[PDB]
>>> print(open('final.txt').read())   # compact mmCIF, C-alpha atoms and all ligand atoms
# COMPACT_ATOMS: atom_id res chain seq x y z
CA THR A 1 -70.87 9.27 -23.37
CA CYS A 2 -72.76 6.06 -24.17
CA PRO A 3 -71.10 3.76 -26.73
CA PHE A 4 -73.05 2.74 -29.84
CA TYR A 5 -73.17 -0.95 -28.94
CA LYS A 6 -75.38 -0.17 -25.84
CA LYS A 7 -77.98 1.63 -28.01
CA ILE A 8 -81.03 -0.06 -29.62
CA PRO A 9 -81.77 1.91 -32.93
CA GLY A 10 -85.38 2.79 -33.63
CA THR A 11 -86.22 2.81 -29.95
CA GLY A 12 -85.85 5.02 -26.92
CA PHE A 13 -83.94 2.16 -25.24
CA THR A 14 -80.44 1.46 -23.86
CA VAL A 15 -78.93 -1.72 -22.39
CA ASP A 16 -76.59 -1.83 -19.38
CA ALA A 17 -75.93 1.98 -19.71
CA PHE A 18 -76.11 3.44 -16.19
CA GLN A 19 -72.63 5.12 -15.93
CA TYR A 20 -73.10 7.81 -18.56
CA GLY A 21 -75.45 10.16 -16.67
CA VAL A 22 -78.71 10.97 -18.48
CA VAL A 23 -78.52 9.42 -21.99
CA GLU A 24 -79.96 11.73 -24.65
CA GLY A 25 -83.39 10.47 -25.73
CA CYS A 26 -83.39 7.31 -23.59
CA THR A 27 -86.92 6.70 -22.26
CA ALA A 28 -86.21 3.28 -20.70
CA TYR A 29 -83.04 1.67 -19.34
CA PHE A 30 -82.83 -2.12 -19.57
CA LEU A 31 -80.56 -4.07 -17.17
CA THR A 32 -79.60 -7.62 -18.26
CA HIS A 33 -78.14 -8.84 -14.93
CA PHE A 34 -76.83 -7.71 -11.49
CA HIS A 35 -73.07 -7.59 -12.16
CA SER A 36 -71.20 -4.35 -11.31
CA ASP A 37 -69.69 -3.63 -14.79
CA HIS A 38 -73.28 -3.70 -16.04
CA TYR A 39 -75.18 -1.94 -13.20
CA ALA A 40 -72.44 0.73 -12.58
CA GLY A 41 -74.22 4.03 -11.78
CA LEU A 42 -77.54 2.81 -10.32
CA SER A 43 -78.53 3.95 -6.72
CA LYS A 44 -81.54 5.20 -4.62
CA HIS A 45 -81.32 8.52 -6.50
CA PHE A 46 -82.05 6.99 -9.94
CA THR A 47 -85.42 8.29 -11.27
CA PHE A 48 -85.90 6.71 -14.75
CA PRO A 49 -87.73 3.45 -15.42
CA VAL A 50 -85.51 0.30 -15.19
CA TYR A 51 -86.67 -2.88 -16.93
CA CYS A 52 -85.20 -6.23 -15.74
CA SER A 53 -86.06 -9.69 -14.38
CA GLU A 54 -87.87 -10.26 -11.05
CA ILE A 55 -84.60 -11.47 -9.49
CA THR A 56 -82.60 -8.45 -10.77
CA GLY A 57 -85.43 -6.27 -9.41
CA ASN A 58 -85.11 -7.88 -5.91
CA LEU A 59 -81.42 -6.98 -5.89
CA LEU A 60 -81.98 -3.40 -7.09
CA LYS A 61 -84.47 -2.77 -4.27
CA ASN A 62 -82.59 -4.49 -1.47
CA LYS A 63 -78.91 -4.08 -2.30
CA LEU A 64 -78.75 -0.70 -4.13
CA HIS A 65 -81.97 0.77 -2.55
CA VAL A 66 -83.50 1.79 -5.88
CA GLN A 67 -87.02 2.98 -5.26
CA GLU A 68 -89.78 0.59 -6.07
CA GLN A 69 -91.73 3.01 -8.32
CA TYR A 70 -88.89 2.94 -10.86
CA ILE A 71 -88.35 -0.88 -10.93
CA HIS A 72 -90.30 -2.63 -13.68
CA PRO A 73 -89.79 -6.39 -13.39
CA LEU A 74 -90.99 -8.54 -16.37
CA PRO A 75 -91.79 -12.29 -16.51
CA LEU A 76 -89.58 -14.48 -18.69
CA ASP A 77 -90.73 -16.05 -21.93
CA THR A 78 -93.64 -13.62 -22.20
CA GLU A 79 -94.45 -11.05 -24.91
CA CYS A 80 -94.63 -7.63 -23.14
CA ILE A 81 -95.20 -4.02 -24.47
CA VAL A 82 -92.74 -1.35 -23.26
CA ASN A 83 -93.23 2.28 -24.54
CA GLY A 84 -95.01 0.89 -27.57
CA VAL A 85 -92.47 -1.80 -28.53
CA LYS A 86 -92.90 -5.56 -28.02
CA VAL A 87 -90.11 -7.21 -25.99
CA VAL A 88 -89.33 -10.60 -24.58
CA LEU A 89 -86.89 -11.63 -21.84
CA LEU A 90 -85.20 -15.04 -22.17
CA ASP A 91 -83.00 -16.96 -19.78
CA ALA A 92 -79.29 -16.21 -20.42
CA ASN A 93 -77.79 -19.23 -18.53
CA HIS A 94 -75.39 -16.77 -16.81
CA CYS A 95 -75.91 -15.85 -13.06
CA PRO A 96 -79.30 -15.78 -11.26
CA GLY A 97 -81.75 -13.35 -12.93
CA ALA A 98 -79.62 -12.85 -16.05
CA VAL A 99 -81.59 -12.35 -19.24
CA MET A 100 -81.26 -11.93 -23.00
CA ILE A 101 -83.66 -9.35 -24.59
CA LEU A 102 -85.59 -9.73 -27.92
CA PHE A 103 -86.81 -6.38 -29.38
CA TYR A 104 -89.47 -6.29 -32.19
CA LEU A 105 -88.90 -2.87 -33.79
CA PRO A 106 -91.92 -1.05 -35.26
CA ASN A 107 -90.34 -1.17 -38.79
CA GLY A 108 -90.12 -5.05 -38.70
CA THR A 109 -86.46 -5.51 -37.66
CA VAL A 110 -85.91 -8.04 -34.88
CA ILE A 111 -82.87 -7.56 -32.50
CA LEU A 112 -81.44 -10.06 -29.91
CA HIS A 113 -79.13 -8.61 -27.20
CA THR A 114 -77.58 -11.58 -25.35
CA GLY A 115 -76.39 -9.67 -22.29
CA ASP A 116 -73.83 -11.96 -20.70
CA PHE A 117 -74.66 -15.61 -21.61
CA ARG A 118 -73.53 -19.20 -21.78
CA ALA A 119 -74.95 -20.52 -25.02
CA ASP A 120 -76.85 -23.83 -24.78
CA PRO A 121 -78.76 -25.97 -27.24
CA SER A 122 -81.83 -25.56 -25.02
CA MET A 123 -81.99 -22.02 -26.28
CA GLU A 124 -82.84 -23.42 -29.77
CA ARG A 125 -86.37 -24.18 -28.33
CA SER A 126 -87.32 -20.91 -26.68
CA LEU A 127 -89.32 -18.16 -28.50
CA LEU A 128 -86.18 -17.63 -30.64
CA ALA A 129 -87.12 -20.54 -32.82
CA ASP A 130 -90.28 -18.80 -34.19
CA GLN A 131 -88.70 -15.95 -36.22
CA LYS A 132 -85.84 -14.40 -37.92
CA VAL A 133 -83.33 -12.10 -36.11
CA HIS A 134 -81.69 -9.35 -38.12
CA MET A 135 -79.12 -8.02 -35.57
CA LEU A 136 -77.31 -9.87 -32.71
CA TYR A 137 -75.49 -7.98 -29.96
CA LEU A 138 -73.23 -10.82 -28.81
CA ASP A 139 -71.34 -11.59 -25.60
CA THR A 140 -67.97 -12.36 -27.22
CA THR A 141 -65.94 -12.81 -23.95
CA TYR A 142 -64.30 -16.13 -25.14
CA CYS A 143 -64.45 -15.67 -28.90
CA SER A 144 -61.27 -17.61 -29.79
CA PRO A 145 -60.72 -21.38 -30.28
CA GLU A 146 -58.14 -21.53 -27.49
CA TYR A 147 -61.06 -21.08 -25.08
CA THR A 148 -62.18 -24.58 -24.22
CA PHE A 149 -63.58 -25.69 -20.85
CA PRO A 150 -65.67 -28.58 -19.48
CA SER A 151 -69.40 -28.61 -18.87
CA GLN A 152 -70.67 -27.17 -15.62
CA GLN A 153 -71.89 -30.67 -14.66
CA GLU A 154 -68.33 -32.27 -14.99
CA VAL A 155 -66.84 -29.45 -12.90
CA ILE A 156 -69.44 -29.91 -10.12
CA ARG A 157 -68.84 -33.67 -10.22
CA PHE A 158 -65.12 -33.04 -9.70
CA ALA A 159 -65.72 -30.64 -6.82
CA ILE A 160 -68.29 -32.88 -4.96
CA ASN A 161 -66.04 -35.97 -5.15
CA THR A 162 -62.94 -33.96 -4.11
CA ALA A 163 -64.70 -32.41 -1.08
CA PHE A 164 -66.44 -35.67 -0.04
CA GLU A 165 -63.14 -37.61 -0.18
CA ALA A 166 -61.24 -35.06 1.88
CA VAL A 167 -63.76 -34.62 4.69
CA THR A 168 -64.35 -38.42 4.92
CA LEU A 169 -60.56 -38.96 5.31
CA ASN A 170 -60.41 -36.05 7.81
CA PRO A 171 -63.64 -35.11 9.69
CA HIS A 172 -61.77 -32.06 11.02
CA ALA A 173 -61.12 -30.46 7.58
CA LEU A 174 -63.02 -27.19 6.65
CA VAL A 175 -64.09 -26.49 3.08
CA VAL A 176 -63.88 -22.84 1.92
CA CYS A 177 -65.26 -21.42 -1.37
CA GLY A 178 -64.38 -18.01 -2.78
CA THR A 179 -66.99 -15.52 -4.11
CA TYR A 180 -67.16 -11.84 -5.31
CA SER A 181 -70.45 -11.38 -7.15
CA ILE A 182 -73.59 -13.43 -7.71
CA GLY A 183 -73.12 -16.45 -9.98
CA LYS A 184 -71.63 -19.92 -9.54
CA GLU A 185 -73.78 -20.71 -6.47
CA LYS A 186 -73.93 -24.37 -7.56
CA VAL A 187 -70.23 -24.84 -6.53
CA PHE A 188 -70.84 -24.20 -2.86
CA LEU A 189 -74.45 -25.48 -2.69
CA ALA A 190 -73.49 -28.89 -4.18
CA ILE A 191 -70.49 -29.32 -1.83
CA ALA A 192 -72.60 -28.43 1.30
CA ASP A 193 -75.31 -30.89 0.14
CA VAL A 194 -72.88 -33.90 -0.20
CA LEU A 195 -71.38 -33.08 3.24
CA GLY A 196 -74.85 -32.60 4.92
CA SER A 197 -73.89 -29.10 6.03
CA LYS A 198 -75.35 -25.60 5.57
CA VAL A 199 -73.16 -22.98 3.89
CA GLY A 200 -71.91 -20.33 6.28
CA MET A 201 -71.28 -16.76 5.22
CA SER A 202 -71.35 -13.03 6.14
CA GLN A 203 -74.59 -11.17 6.70
CA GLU A 204 -74.14 -9.14 3.48
CA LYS A 205 -73.69 -12.26 1.33
CA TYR A 206 -76.65 -14.01 3.04
CA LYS A 207 -78.80 -10.93 2.19
CA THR A 208 -77.78 -11.10 -1.49
CA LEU A 209 -78.63 -14.81 -1.63
CA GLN A 210 -82.06 -14.24 0.01
CA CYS A 211 -82.99 -12.04 -3.07
CA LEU A 212 -82.48 -14.88 -5.64
CA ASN A 213 -85.72 -17.03 -5.39
CA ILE A 214 -83.66 -20.25 -4.98
CA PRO A 215 -86.05 -22.99 -3.71
CA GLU A 216 -85.43 -24.42 -0.22
CA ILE A 217 -82.71 -21.76 0.43
CA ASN A 218 -83.48 -21.30 4.11
CA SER A 219 -82.58 -25.03 4.17
CA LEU A 220 -79.05 -24.47 2.56
CA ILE A 221 -77.47 -21.24 3.89
CA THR A 222 -76.76 -19.61 7.27
CA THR A 223 -74.90 -16.80 9.08
CA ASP A 224 -73.96 -19.09 12.00
CA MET A 225 -70.42 -19.97 11.00
CA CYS A 226 -69.86 -22.26 14.00
CA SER A 227 -72.53 -24.68 12.81
CA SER A 228 -71.24 -24.95 9.17
CA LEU A 229 -68.32 -26.90 7.61
CA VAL A 230 -68.56 -25.07 4.27
CA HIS A 231 -67.62 -21.37 4.56
CA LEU A 232 -67.82 -18.64 1.89
CA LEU A 233 -65.17 -15.94 1.83
CA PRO A 234 -64.32 -13.04 -0.51
CA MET A 235 -62.31 -14.23 -3.52
CA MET A 236 -59.36 -12.06 -2.42
CA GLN A 237 -58.97 -14.00 0.79
CA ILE A 238 -58.49 -17.33 -1.19
CA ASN A 239 -54.64 -17.49 -0.74
CA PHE A 240 -52.32 -19.16 1.84
CA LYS A 241 -52.15 -16.07 4.21
CA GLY A 242 -55.92 -15.33 4.05
CA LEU A 243 -56.77 -18.95 4.76
CA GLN A 244 -54.21 -19.45 7.63
CA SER A 245 -55.81 -16.38 9.23
CA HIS A 246 -59.34 -17.76 8.77
CA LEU A 247 -58.27 -21.09 10.28
CA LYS A 248 -56.92 -19.25 13.39
CA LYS A 249 -60.40 -17.75 13.86
CA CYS A 250 -62.22 -21.09 13.97
CA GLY A 251 -60.71 -21.82 17.43
CA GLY A 252 -59.31 -25.35 16.93
CA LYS A 253 -62.44 -26.86 15.46
CA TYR A 254 -60.49 -27.62 12.27
CA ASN A 255 -56.92 -28.63 11.42
CA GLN A 256 -56.97 -28.52 7.55
CA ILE A 257 -58.54 -26.29 4.80
CA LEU A 258 -59.60 -27.46 1.39
CA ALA A 259 -60.41 -24.30 -0.71
CA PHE A 260 -61.93 -23.75 -4.14
CA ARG A 261 -61.49 -20.74 -6.51
CA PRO A 262 -64.00 -20.89 -9.34
CA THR A 263 -62.32 -18.89 -12.10
CA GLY A 264 -63.43 -18.56 -15.73
CA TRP A 265 -60.85 -19.85 -18.23
CA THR A 266 -57.16 -20.20 -17.31
CA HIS A 267 -54.35 -21.47 -19.77
CA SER A 268 -54.06 -24.81 -17.87
CA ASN A 269 -57.30 -25.57 -19.94
CA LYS A 270 -55.12 -25.88 -23.11
CA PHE A 271 -53.16 -28.82 -21.54
CA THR A 272 -55.09 -30.42 -18.66
CA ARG A 273 -58.43 -32.34 -18.41
CA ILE A 274 -60.74 -31.67 -15.44
CA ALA A 275 -60.01 -35.22 -14.19
CA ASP A 276 -56.28 -34.29 -14.00
CA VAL A 277 -56.57 -31.02 -11.97
CA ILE A 278 -54.39 -30.76 -8.87
CA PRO A 279 -54.21 -28.21 -6.05
CA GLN A 280 -51.53 -25.83 -4.85
CA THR A 281 -50.54 -26.97 -1.33
CA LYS A 282 -48.75 -25.38 1.64
CA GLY A 283 -48.80 -27.42 4.81
CA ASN A 284 -52.35 -28.18 5.90
CA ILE A 285 -53.91 -25.80 3.24
CA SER A 286 -54.84 -26.88 -0.34
CA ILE A 287 -56.35 -24.56 -3.12
CA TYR A 288 -58.06 -25.83 -6.27
CA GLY A 289 -58.72 -23.49 -9.28
CA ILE A 290 -61.77 -24.98 -11.05
CA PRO A 291 -62.90 -23.75 -14.56
CA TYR A 292 -66.57 -23.13 -13.78
CA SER A 293 -67.62 -20.78 -16.61
CA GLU A 294 -70.81 -18.72 -16.93
CA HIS A 295 -69.84 -17.56 -20.46
CA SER A 296 -70.02 -19.45 -23.76
CA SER A 297 -66.99 -21.51 -24.77
CA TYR A 298 -65.83 -20.77 -28.42
CA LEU A 299 -67.59 -23.94 -29.71
CA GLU A 300 -70.91 -23.18 -27.82
CA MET A 301 -70.88 -19.58 -29.14
CA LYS A 302 -70.24 -20.76 -32.76
CA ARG A 303 -73.05 -23.36 -32.62
CA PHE A 304 -75.58 -20.73 -31.36
CA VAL A 305 -74.63 -18.17 -33.97
CA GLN A 306 -74.63 -20.74 -36.85
CA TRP A 307 -78.15 -21.86 -35.64
CA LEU A 308 -79.52 -18.30 -35.36
CA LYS A 309 -78.07 -17.02 -38.74
CA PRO A 310 -78.24 -13.30 -37.93
CA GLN A 311 -77.67 -10.81 -40.73
CA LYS A 312 -75.33 -8.56 -38.70
CA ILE A 313 -73.33 -9.24 -35.48
CA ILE A 314 -72.28 -6.48 -33.06
CA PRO A 315 -69.77 -7.64 -30.32
CA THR A 316 -70.20 -6.29 -26.77
CA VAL A 317 -66.95 -7.66 -25.22
CA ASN A 318 -63.27 -7.27 -26.23
CA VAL A 319 -64.20 -4.27 -28.35
CA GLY A 320 -61.38 -1.95 -27.17
CA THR A 321 -58.48 -3.11 -29.43
CA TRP A 322 -58.15 -3.35 -33.22
CA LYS A 323 -56.45 -6.73 -33.00
CA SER A 324 -59.46 -8.10 -31.01
CA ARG A 325 -62.02 -6.60 -33.29
CA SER A 326 -60.20 -7.96 -36.37
CA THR A 327 -59.93 -11.47 -34.91
CA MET A 328 -63.64 -11.57 -34.01
CA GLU A 329 -64.79 -10.40 -37.51
CA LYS A 330 -62.62 -13.12 -39.07
CA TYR A 331 -64.42 -15.80 -37.01
CA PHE A 332 -67.85 -14.37 -37.81
CA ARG A 333 -67.01 -14.60 -41.55
CA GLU A 334 -65.71 -18.19 -41.24
CA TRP A 335 -68.91 -19.20 -39.45
CA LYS A 336 -71.10 -17.56 -42.06
CA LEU A 337 -69.28 -19.25 -45.03
CA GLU A 338 -69.14 -22.65 -43.35
CA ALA A 339 -72.92 -22.68 -42.65
CA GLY A 340 -73.97 -20.82 -45.86
CA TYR A 341 -76.14 -17.91 -44.60
NI NI A 401 -71.76 -10.88 -16.09
>>> encode(input="final.txt", output="structure tokens")
Amino acid sequence: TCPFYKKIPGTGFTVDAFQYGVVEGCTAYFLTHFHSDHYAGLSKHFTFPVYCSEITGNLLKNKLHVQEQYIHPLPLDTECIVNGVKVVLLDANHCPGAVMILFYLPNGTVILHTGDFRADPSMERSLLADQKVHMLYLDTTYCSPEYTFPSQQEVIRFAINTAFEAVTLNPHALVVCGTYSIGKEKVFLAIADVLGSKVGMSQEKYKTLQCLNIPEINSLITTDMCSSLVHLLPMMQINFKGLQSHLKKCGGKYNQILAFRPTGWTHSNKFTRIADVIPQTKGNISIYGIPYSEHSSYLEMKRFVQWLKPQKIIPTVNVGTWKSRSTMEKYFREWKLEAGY
């Protein structure tokens, strides 16, 4: 059965609710982004209308073979009417095609569902600025002050300089980057660009990337591994055994691997600056964990909420334990009293 925090009251609508079978009285299913926890249940057999971004619609059609007659892509930043209710999709600053959804209920309530997001001050000048929001369904993944991490830009700077240094010292080093879902494409694209290489990858990952409307992409990616010095592998193969094995397969073209694992937060963020990050090394293999986040830090989340001043907040993440729930409500209250709404 569908949980309450995936239901939009006063509408026939649900959000990211595809694993519950037919939801009672749902006339349209919204999908915020193509990540498996969110799309779980969709397939070629799905026969209700799905509302999403253009990019999420490309992935539905090509990766999950959802039939075209049930995919309803909407433009961003545009007022649209769905089953008699005005909606707007806004960029979520998460992975490609990820949106937030603004619902204008017939009775005059306004609801913002963030989907998964990384809050940014640029959001303070979208269509959000123009009106009041009564209810916020909030991505609370890192809703605790221990969750600090650098900007995306600082992390990319670190990775580019690291990769460029290594390959200039050793023209026979291979760079490998781990992946398991869409998102974080900038890590491997920026490295391949500084090295003047294309990124090499499996046919299935190349297909996924071809759905994302990235400009000049035929210029940046390839399935010919032999011509590339930046390879993508599944995240699970980013360990000393998986990488030794990959190196065997390259047939003596390379004698060193420099590998990156983009994680979200890890506790080494509470002690270490990005400048100070060091790899784990075994022989001719090094592995860097880099804190490239596509979710709000605690401070970024707080700033967005204190700007928006919603009347009620409903968390969508970390909702399964009483200790989590209690902690989150305490921070929402602090934020409200500090800013005076
Ligand atoms: Ni996500």
>>> closest_residue(input="final.txt", among="A:10, A:183, A:171, A:73", to="residue 93 of chain A", atoms="only C-alpha atoms")
A:183
>>> closest_residue(input="final.txt", among="A:319, A:15, A:305, A:226", to="residue 123 of chain A", atoms="only C-alpha atoms")
A:305
>>> residues_around(input="final.txt", residues="segment 95-112 of chain A", least_positions_apart="4", cutoff="6 Å", atoms="only C-alpha atoms", output="list in words")
residues 32, 33, 53, 55, 56, 86, 87, 88, 89, 90, 91, 133, 134, 135, 136 and 183 of chain A
>>> residues_around(input="final.txt", residues="residue 332 of chain A", least_positions_apart="3", cutoff="10 Å", atoms="only C-alpha atoms", output="ChimeraX atom specification")
/A:143,302,305-306,312-313,327-329,335-337
>>> closest_atom_pairs(input="final.txt", of="chain A", to="ligand NI 401 (chain A)", cutoff="8 Å", atoms="all atoms listed in the file", output="JSON lines")
{"residue": "A:33", "atom": "CA", "partner": "A:NI401", "partner_atom": "NI", "distance": 6.8}
{"residue": "A:34", "atom": "CA", "partner": "A:NI401", "partner_atom": "NI", "distance": 7.5}
{"residue": "A:35", "atom": "CA", "partner": "A:NI401", "partner_atom": "NI", "distance": 5.3}
{"residue": "A:37", "atom": "CA", "partner": "A:NI401", "partner_atom": "NI", "distance": 7.7}
{"residue": "A:38", "atom": "CA", "partner": "A:NI401", "partner_atom": "NI", "distance": 7.3}
{"residue": "A:94", "atom": "CA", "partner": "A:NI401", "partner_atom": "NI", "distance": 7.0}
{"residue": "A:95", "atom": "CA", "partner": "A:NI401", "partner_atom": "NI", "distance": 7.1}
{"residue": "A:115", "atom": "CA", "partner": "A:NI401", "partner_atom": "NI", "distance": 7.8}
{"residue": "A:116", "atom": "CA", "partner": "A:NI401", "partner_atom": "NI", "distance": 5.2}
{"residue": "A:117", "atom": "CA", "partner": "A:NI401", "partner_atom": "NI", "distance": 7.8}
{"residue": "A:294", "atom": "CA", "partner": "A:NI401", "partner_atom": "NI", "distance": 7.9}
>>> closest_residue(input="final.txt", among="A:211, A:277, A:290, A:233", to="residue 57 of chain A", atoms="all atoms listed in the file")
A:211
>>> closest_residue(input="final.txt", among="A:155, A:8, A:214, A:52", to="residue 75 of chain A", atoms="all atoms listed in the file")
A:52
>>> closest_residue(input="final.txt", among="A:177, A:128, A:308, A:22", to="residue 237 of chain A", atoms="all atoms listed in the file")
A:177
>>> closest_residue(input="final.txt", among="A:193, A:169, A:48, A:4", to="residue 18 of chain A", atoms="only C-alpha atoms")
A:48
>>> residues_around(input="final.txt", residues="segment 257-259 of chain A", least_positions_apart="2", cutoff="10 Å", atoms="only C-alpha atoms", output="ChimeraX atom specification")
/A:162-163,166-167,172-178,230-233,238-240,243-244,246-247,254-255,261-262,279-281,283-289
>>> write_last_selection(input="final.txt", atoms="C-alpha atoms", output="short mmCIF file (atom, residue, chain, number, x, y, z; two decimals), keeping the file's coordinate frame")
data_model
loop_
_atom_site.label_atom_id
_atom_site.label_comp_id
_atom_site.auth_asym_id
_atom_site.auth_seq_id
_atom_site.Cartn_x
_atom_site.Cartn_y
_atom_site.Cartn_z
CA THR A 162 -62.94 -33.96 -4.11
CA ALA A 163 -64.70 -32.41 -1.08
CA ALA A 166 -61.24 -35.06 1.88
CA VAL A 167 -63.76 -34.62 4.69
CA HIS A 172 -61.77 -32.06 11.02
CA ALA A 173 -61.12 -30.46 7.58
CA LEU A 174 -63.02 -27.19 6.65
CA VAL A 175 -64.09 -26.49 3.08
CA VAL A 176 -63.88 -22.84 1.92
CA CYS A 177 -65.26 -21.42 -1.37
CA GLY A 178 -64.38 -18.01 -2.78
CA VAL A 230 -68.56 -25.07 4.27
CA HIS A 231 -67.62 -21.37 4.56
CA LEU A 232 -67.82 -18.64 1.89
CA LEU A 233 -65.17 -15.94 1.83
CA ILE A 238 -58.49 -17.33 -1.19
CA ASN A 239 -54.64 -17.49 -0.74
CA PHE A 240 -52.32 -19.16 1.84
CA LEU A 243 -56.77 -18.95 4.76
CA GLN A 244 -54.21 -19.45 7.63
CA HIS A 246 -59.34 -17.76 8.77
CA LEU A 247 -58.27 -21.09 10.28
CA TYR A 254 -60.49 -27.62 12.27
CA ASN A 255 -56.92 -28.63 11.42
CA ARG A 261 -61.49 -20.74 -6.51
CA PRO A 262 -64.00 -20.89 -9.34
CA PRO A 279 -54.21 -28.21 -6.05
CA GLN A 280 -51.53 -25.83 -4.85
CA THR A 281 -50.54 -26.97 -1.33
CA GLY A 283 -48.80 -27.42 4.81
CA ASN A 284 -52.35 -28.18 5.90
CA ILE A 285 -53.91 -25.80 3.24
CA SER A 286 -54.84 -26.88 -0.34
CA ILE A 287 -56.35 -24.56 -3.12
CA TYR A 288 -58.06 -25.83 -6.27
CA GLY A 289 -58.72 -23.49 -9.28
#
>>> residues_around(input="final.txt", residues="residue 66 of chain A", least_positions_apart="3", cutoff="6 Å", atoms="all atoms listed in the file", output="PyMOL selection string")
chain A and resi 43-44+60-61
>>> residues_around(input="final.txt", residues="residue 146 of chain A", least_positions_apart="3", cutoff="9 Å", atoms="all atoms listed in the file", output="number ranges by chain")
A: 142-143, 267, 269-270, 298
>>> atom_distance(input="final.txt", atom1="atom CA of residue 31 of chain A", atom2="atom CA of residue 72 of chain A")
10.4 Å
